[PDB]
Amino acid sequence: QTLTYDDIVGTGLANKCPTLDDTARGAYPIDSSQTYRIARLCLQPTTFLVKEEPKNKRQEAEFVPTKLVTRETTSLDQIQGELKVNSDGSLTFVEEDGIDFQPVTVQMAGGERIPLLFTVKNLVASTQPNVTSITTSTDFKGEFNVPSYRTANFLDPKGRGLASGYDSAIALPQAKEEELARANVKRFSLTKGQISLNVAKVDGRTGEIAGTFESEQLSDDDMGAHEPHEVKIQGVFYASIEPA
Amino acid sequence: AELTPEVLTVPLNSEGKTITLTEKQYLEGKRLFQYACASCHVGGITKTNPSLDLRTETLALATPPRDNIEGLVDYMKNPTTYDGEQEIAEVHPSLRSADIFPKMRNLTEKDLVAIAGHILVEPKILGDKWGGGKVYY
Amino acid sequence: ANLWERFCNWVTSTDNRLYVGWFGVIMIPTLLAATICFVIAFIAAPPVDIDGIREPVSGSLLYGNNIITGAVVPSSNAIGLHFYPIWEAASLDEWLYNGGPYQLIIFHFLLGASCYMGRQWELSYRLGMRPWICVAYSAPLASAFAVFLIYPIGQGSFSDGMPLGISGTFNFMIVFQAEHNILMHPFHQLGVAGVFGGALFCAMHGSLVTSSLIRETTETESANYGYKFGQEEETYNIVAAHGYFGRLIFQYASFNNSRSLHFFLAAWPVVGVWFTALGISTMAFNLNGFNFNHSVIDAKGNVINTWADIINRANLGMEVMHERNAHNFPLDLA
Amino acid sequence: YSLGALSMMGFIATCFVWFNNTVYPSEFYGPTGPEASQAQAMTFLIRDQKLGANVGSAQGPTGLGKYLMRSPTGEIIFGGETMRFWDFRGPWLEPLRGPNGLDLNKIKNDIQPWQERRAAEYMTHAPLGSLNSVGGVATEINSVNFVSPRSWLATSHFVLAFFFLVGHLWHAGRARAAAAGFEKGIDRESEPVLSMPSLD
Amino acid sequence: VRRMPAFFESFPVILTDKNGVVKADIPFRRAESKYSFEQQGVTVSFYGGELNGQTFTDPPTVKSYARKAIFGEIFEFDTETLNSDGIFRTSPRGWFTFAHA
Amino acid sequence: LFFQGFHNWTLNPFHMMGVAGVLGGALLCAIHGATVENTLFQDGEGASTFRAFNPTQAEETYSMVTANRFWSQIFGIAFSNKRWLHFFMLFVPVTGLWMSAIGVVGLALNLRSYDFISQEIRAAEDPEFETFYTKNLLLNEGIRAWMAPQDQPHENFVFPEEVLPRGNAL
Amino acid sequence: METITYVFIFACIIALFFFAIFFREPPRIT
Amino acid sequence: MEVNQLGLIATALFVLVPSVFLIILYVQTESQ
Amino acid sequence: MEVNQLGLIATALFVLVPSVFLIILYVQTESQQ
Amino acid sequence: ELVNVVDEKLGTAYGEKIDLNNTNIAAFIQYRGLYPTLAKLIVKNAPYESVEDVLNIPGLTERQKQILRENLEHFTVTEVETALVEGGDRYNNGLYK
Ligand code: CLA
Ligand code: CLA
Ligand SMILES: CC(C)=CCC/C(C)=C/CC/C(C)=C/CC/C(C)=C/CC/C(C)=C/CC/C(C)=C/CC/C(C)=C/CC/C(C)=C/CC/C(C)=C/CC1=CC(=O)C(C)=C(C)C1=O
Ligand SMILES: CCCCCCCCCCCCCCCC(=O)OC[C@H](CO[C@@H]1O[C@H](CS(=O)(=O)O)[C@@H](O)[C@H](O)[C@H]1O)OC(=O)CCCCCCCCCCCCCCC
Ligand code: HEC
Ligand code: OEX
Ligand SMILES: [Cl-]
Ligand SMILES: [Cl-]
Ligand SMILES: [Fe+2]
């Protein structure tokens with residue numbers, strides 16, 4: 001219902017997206033002469049999976065489950081952007097703004113910790129063509145940017161960084177700089193991710209939708225110092241569409 | 001070194017007229033600056049927006065310019081943004097906004113010049129320290 | 001008689017090798033929990049994100065530390081002052097990450113050490129003694145509450161409590177100097193006089209009693225066998241020590257009452273240490289050390305630096321480097 | 001007993017005046033330490049937003065939001081070191097709070113000038129300062145003569161509370177010793193320990 | 001290059017002119033830097049020893065000879081034979097003095 | 001503070017022995033004064049107990065036997081020999097200052113215990129390896145660069161703003 | 001190997017505590 | 001961790017040798 | 001030579017520990033008479 | 001193969017002039033009348049091909065177009081550097097006093 005901050009605080013519910021009834025399986029019509037926007041988009045991860053490093057013999061690497069260790073701090077919400085109607089009839093969402101990143105650390109068997117910037121920054125998600133109405137079989141597929149996990153000012157434990165910091169290993173004054181370059185030289189990565197959103201609950205009266213999502217993106221590489229992992233994120237999402 | 005009239009001579013207006021000050025007025029305007037302004041402007045910086053300081057060079061490139069007494073006294077009545085396009089007395093203390101910034105209610109016109117001359121004098125004394133921040137403490 | 005009383009008599013028994021007592025009933029299990037968690041974490045705890053910025057600090061021997069660099073690491077700033085028992089975590093893995101062992105250890109320890117204090121009273125009552133030893137111990141106890149409890153409260157986070165480590169302790173001291181100028185605080189000056197003066201009077205009292213030992217042995221045996229335990233008489237001539245020390249200085253700077261002399265030895269370091277713990281506890285609320293930066297100026301207004309200004313340059317270098325990735329805005333207000 | 005009671009109460013008083021801005025209004029007593037630390041983040045969200053920053057999507061250096069992040073139960077809270085202080089509640093700030101914490105739409109649209117003023121006033125009056133009443137951090141230059149009443153009252157009442165707890169232990173133990181009849185020392189003729197079996 | 005004093009485990013790279021006016025450095029914060037080698041186009045030419053007559057002009061190379069110029073004259077070292085770790089040690093003059101004092 | 005930022009004097013075993021000798025002296029000072037004061041024999045009928053001691057008396061003014069038992073049972077050990085106990089009091093602090101004096105003679109030569117090599121070799125290769133050891137070194141670097149120009153005027157250190165080391169914001 | 005050495009020495013000290021308390025020279029009263 | 005490998009033998013003898021000295025002297029006191 | 005580094009700790013302990021044992025028992029044998 | 005991209009940028013025109021595509025918004029204080037009003041506009045519309053495309057920003061008053069003309073000699077443009085513009089760093093680059 002109309003709960004309040006003081007109802008919610010400390011419960012873990014601030015990290016949950018809203019939901020629609022078992023019975024909201026209707027459909028929202030798209031008046032192509034019209035303009036639209038996602039007034040709020042919320043993504044809530046429920047599982048993080050990391051691809052394992054198959055040995056030189058390999059055969060195949062699988063996505064293994066991982067333990068979340070950073071608590072109910074993982075959700076993306078208050079995301080806004082405009083829902084265009086294209087000419088083949090498809091719908092395309094274009095993010096503007098929103099809390100569209102969360103840093104997250106999960107932990108693999110054996111104890112390896114894997115940070116990642118769970119994000120949909122600059123998302124661009126489209127429907128199949130000729131969608132006159134949004135329904136409980138509508139899908140968007142999209143891509144986003146994943147900037148470096150740390151940004152340019154971040155200094156390492158020996159004081160080294162990109163936009164700031166030592167440019168060398170000062171505790172070893174006369175070592176050979178050559179084998180240290182990958183840690184002396186901070187690099188700022190920007191990669192692309194992918195996300196599918198499967199609408200499964202629609203409430204045409206209010207303009208709300210709800211469904212599942214699954215994304216794949218890279219984990220932190222620590223400004224160039226090691227190789228990233230592939231990560232697969234699944235969860236649920238909630239959206240509100242308003243006439244623009 | 002000592003506090004002299006050549007030190008205490010600061011631009012009065014942008015017409016290059018000047019005015020010379022007393023020991024009494026510089027010290028008078030130090031006290032009032034402490035009372036009314038330094039909570040934010042200690043040593044020539046601005047705590048709530050460190051990008052703007054009171055270095056006379058910064059004051060020079062303000063629209064209107066503020067590296068003189070009249071410009072400063074005006075800013076203390078009707079403050080604007082650096083570029084002149086916005087009045088900001090709703091958030092910056094001023095005589096205009098002395099109903100929300102009480103410490104201004106009892107400032108006389110002789111007081112606002114005391115403060116302005118202090119501001120314009122102080123960097124002749126301290127140089128880089130004034131407006132510099134912790135690097136120069 | 002009945003069960004509850006046979007047990008009550010065992011608890012308060014003065015014949016147990018180690019006194020238990022009612023304070024001992026709370027003390028034992030809590031020290032045991034603190035000690036066991038601490039030994040396991042020091043050795044094996046994985047890295048701990050102390051400042052809430054997902055930048056874990058390794059404190060344990062198996063993760064690359066030695067005795068001097070290791071520590072049990074304070075819980076995360078993201079927790080601040082919230083209670084974080086194991087049961088509040090979704091997994092031991094989360095708990096370890098966010099620094100839970102630190103909270104478990106310091107509460108069981110603070111509790112068990114406060115009952116240590118009461119135990120000192122309790123056994124003195126069963127033994128017919130005067131009761132105030134526990135008062136002396138309150139000076140170290142109070143100092144421990146300061147760095148582990150009071151200072152986190154005032155600053156809003158157990159992430160700023162003292163780490164459980166040799167190097168971590170230095171880390172805490174240096175950041176304290178930059179943020180409070182503790183060296184310029186009178187209560188810590190009272191603490192140094194506390195412990196310099198204690199060690200002084202320690203070396204003095206020993207040196208002067210050892211100087212006045214009564215020949216009871218030959219040159220081939222330890223002097224120590226000139227004393228036998230529970231002997232009725234004294235083993236040194238205090239009149240002789242007064243005569244020596246009364247002349248080292250002058251006659252009335254010298255104690256000749258044994259009772260006055262020992263109460264002096266108790267009171268000096270206890271009070272001083274009370275003051276330095278009071279000083280950590282009031283700098284918990286940002287009532288900081290004297291500030292004479294740019295306090296001396298010349299006729300014109302130039303700053304004439306003093307030694308206080310040099311101290312501030314040191315303080316400033318600690319200020320700007322500490323927790324280097326943790327500040328987004330220009331003041332470090334806690 | 002009363003020394004014990006009063007000790008407990010000075011400690012509570014200490015914590016009342018440091019954290020509580022209801023019966024200790026900040027209009028009268030200056031901001032609380034959390035209040036000042038929170039007000040600093042608000043200040044620089046406002047300014048940067050005025051310049052054009054999208055404060056909800058600004059990744060800071062660590063990967064955490066420069067301006068906004070989640071607490072450990074998910075609530076949206078101010079970023080930076082003030083994350084420890086998200087429990088703060090004050091009339092100048094509660095307006096911008098929705099069900100899941102701070103509302104980004106209200107941040108974008110509803111920040112009144114009186115809040116910009118309160119927030120700046122409070123961050124420049126944070127309860128930090130020196131014993132000779134130079135106000136600010138320890139590295140601050142002389143100029144501003146200020147130590148918050150919250151510091152003066154909480155420090156002074158901790159000191160008092162602590163020394164009254166020491167009072168308790170002194171007089172409680174003496175009162176037991178005296179009622180047993182050995183407050184003046186051990187009776188040489190009846191030294192209890194002598195009637196005790198050895199520990200080994 | 002201003003030379004490292006004995007007190008300092010570490011020392012910044014600061015280049016002055018014959019008078020001492022700072023003219024180039026390697027900055028920590030890059031954002032408002034005004035003296036970087038890139039900005040000043042500083043170069044290293046060598047005279048004597050292995051490098052005699054050589055000149056380097058790209059900043060990364062000029063930067064690493066700049067970090068050794070704080071130590072004085074620049075020598076080729078063999079660090080593989082002894083598995084040297086790159087951290088300075090004292091001489092027997094030092095070890096004798098310490099032992100006897 | 002100079003000794004922290006240039007010599008890393010806190011990390012030095014000889015200062016650690018001195019620190020243990022001073023705080024240990026203060027400990028023995030306090031705990032022996034309180035034990036004597038709280039095992040005294042009743043030798044007058046007044047509440048001020050000080051007036052019940054004559055410097056010329058033969059008798060011990062407090063009970064070594066009962067003190068011993070208290071501490072055996074509180075702490076597990078106690079002193080039993082009054083000569084050993086007072087010699088140990090001369091010993092502990094006196095030996096502490098001597099050990100600290102040795103470390104300073106090393107610092108006369110800049111023979112510091114400034115680093116742990118193994119930590120530096122790892123930290124240099126592994127940018128996620130952080131310990132309290134490395135945090136403290138960053139603080140030292142700050143102390144050195146911020147205080148030296150003014151601490152050592154005769155050197156004419158000029159550090160442009162842009163070479164001064166600083167974390168974010170501060 | 002270094003961790004093992006630190007822990008072994010620590011372990012020996014705990015053992016020494018045990019004997020020093022429970023197997024002390026028992027003090028007696030001549 | 002790339003530690004000094006004579007550290008083990010140095011710690012070991014630093015413990016062993018003076019400890020053997022004390023044990024030798026305690027046991028031969030107890031048997032007279 | 002590229003030799004086993006525990007060889008040294010091994011030899012030292014192999015020698016020291018049985019030796020100290022024999023010495024400890026010898027010296028307390030002499031302290032009896 | 002591995003270079004600090006920010007250090008490379010200081011050898012470009014970013015190191016001499018206000019880079020309309022990269023420089024932090026506080027650098028516009030250096031010159032009269034740009035800050036804050038036009039700084040916001042320059043940055044909000046940032047990515048430009050040539051320095052003079054900045055006169056085509058929608059809404060400029062005629063005094064605004066003239067101020068910019070006066071300060072075109074103090075501008076340059078280079079390629080957008082990802083590390084310089086992400087994190088909202090153009091609005092706040094972590095530098096205060
Ligand atoms: C010569 C220089 C010097 C000297 C003499 C001192 C002296 C002191 N300083 Mg200062 N300090 C200095 C320089 C100096 N400092 C510098 C340069 C800085 C700035 C970097 C600081 C920063 C600083 C801080 C920040 C703090 C000190 C504190 C102290 C005090 C520490 C002792 C203490 O708390 O005992 C008190 C006793 C204890 C702490 C012990 C508690 C014992 C518990 C109850 C039992 C533990 C038992 C154990 C776990 C198990 C043992 C069992 C075993 C037998 C098996 C003392 C008065 C501290 C202080 O005042 O604390 C209140 C403090 O917090 N100093
Ligand atoms: C030198 C000694 C000293 C001094 C000057 C102070 C000074 C102060 N103390 Mg402290 N205090 C001290 C020692 C001291 N304290 C000691 C030793 C302790 C024990 C550890 C405490 C514990 C303590 C507590 C627990 C608290 C204070 C507080 C305070 C402040 C408010 C006092 C007050 O109003 O009391 C109250 C006054 C009385 C009890 C007298 C009764 C008055 C009647 C009931 C009032 C009725 C009023 C009513 C509205 C009128 C209605 C009229 C009509 C409409 C019907 C004040 C600045 C308060 C504070 O600010 O803490 C931060 C507080 O809460 N004190
Ligand atoms: C691997 C893992 C798990 C480890 C955990 C890591 C951890 C952090 C451990 C690291 C520990 C570490 C390295 C230790 C450092 C210690 C270090 C600095 C060593 C100092 C060495 C030393 C040689 C220094 C030189 C100076 C020196 C001699 C100091 C000695 C100090 C000393 C022992 C003082 C005595 C302390 C004390 C508790 C005494 C109790 C006395 C007592 C029983 C009094 C009782 C008593 C009183 C009376 O009055 C009467 C009358 C009677 C009758 C009576 O009984
Ligand atoms: C104008 C400003 C306002 C004025 C303010 C005044 C404040 C002053 C308070 C006066 C305090 C009263 C004296 C103390 C009580 C007393 O005398 O103790 C009891 C005994 C009695 O003396 C003994 O007296 C005995 C007789 S009797 O017991 O007094 O009756 C006698 O037998 C014996 O020989 C003799 O030594 O005193 C001592 O034994 C002598 C040494 C006293 C040392 C002072 C006590 C506390 C020291 C702590 C210092 C902390 C320093 C911190 C370091 C970091
Ligand atoms: C904090 C609440 C402040 C107080 C108190 C005072 N000023 Fe201020 N000042 C503040 C800000 C945030 C700004 C920037 C305004 C903007 O353009 O956004 C300023 C600016 C000034 C200036 C302009 C300086 C320049 O570089 O152009 C001046 C001359 C100035 N302030 C003076 C001043 C005086 C004299 C005050 C006391 C009477 C005073 N300010 C109070 C914040 C705050
Ligand atoms: O965490 Mn630990 O340290 Ca007390 O200030 Mn703010 O916070 Mn952080 O900074 Mn400086
Ligand atoms: Cl730090
Ligand atoms: Cl911050
Ligand atoms: Fe004694």
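Numbers here mean position along the shown chain, with the first residue as 1.
Quick check of the header: X-ray crystallography, 2.5 Å.
Every residue, even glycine, has its Cβ placed from backbone N, Cα and C.
If you look up Swiss-Prot, you'll see F:12-35 (among others) marked as transmembrane segment.
The chlorophyll a PD2 binding site annotation in Swiss-Prot covers F:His15, and the record cites experimental evidence as its basis. Sequence-distant contacts of F:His15 (chlorophyll a PD2 binding site), defined by Cβ-Cβ distance under 8 angstroms and a gap of at least six in the same chain, are F:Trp9, F:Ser100, F:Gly103.
Under the heading plastoquinone binding site, Swiss-Prot lists F:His32, F:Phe79, citing experimental evidence as support. Cβ neighbours of F:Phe79 (plastoquinone binding site) (same chain, under 8 Å, six or more residues apart in sequence): F:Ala67, F:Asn68, F:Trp71, F:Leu85.
Counting only residues at least six positions away in the same chain, no Cβ atom sits under 8 Å from the Cβ of F:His86 (Fe cation binding site). Taken from Swiss-Prot, the feature Fe cation binding site applies to F:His32, F:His86, supported by experimental evidence.
The topological domain 'Cytoplasmic' annotation in Swiss-Prot covers F:36-83, and the record cites experimental evidence as its basis.
Annotation comment: Swiss-Prot describes F:84-106 (among others) as transmembrane segment.
Residues annotated as topological domain 'Lumenal' in Swiss-Prot: F:107-170.
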Against which stretches of its own chain does the transmembrane segment (F:84-106) lie, if we need a Cβ under 8 Å and a gap of at least six residues from its ends?
9, 12-15, 17-22, 24-25, 28-29, 32, 112
Sequence-distant residues near the transmembrane segment (F:12-35) by C-beta distance (under 8 Å, 6 or more away from its ends) are 62, 67, 70-71, 85, 88-89, 92-97, 99-100, 102-104, 106, 112-113
Local Cβ density at F:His32 (plastoquinone binding site) - other Cβ atoms counted within 10 Å:
22
Looking only at the topological domain 'Cytoplasmic' (F:36-83), how are its residues distributed among DSSP helix, strand and coil?
16 helix, 4 strand, 28 coil
By DSSP assignment, list the helix, strand and coil residue numbers for the topological domain 'Lumenal' (F:107-170), in that order.
37 helix, 0 strand, 27 coil
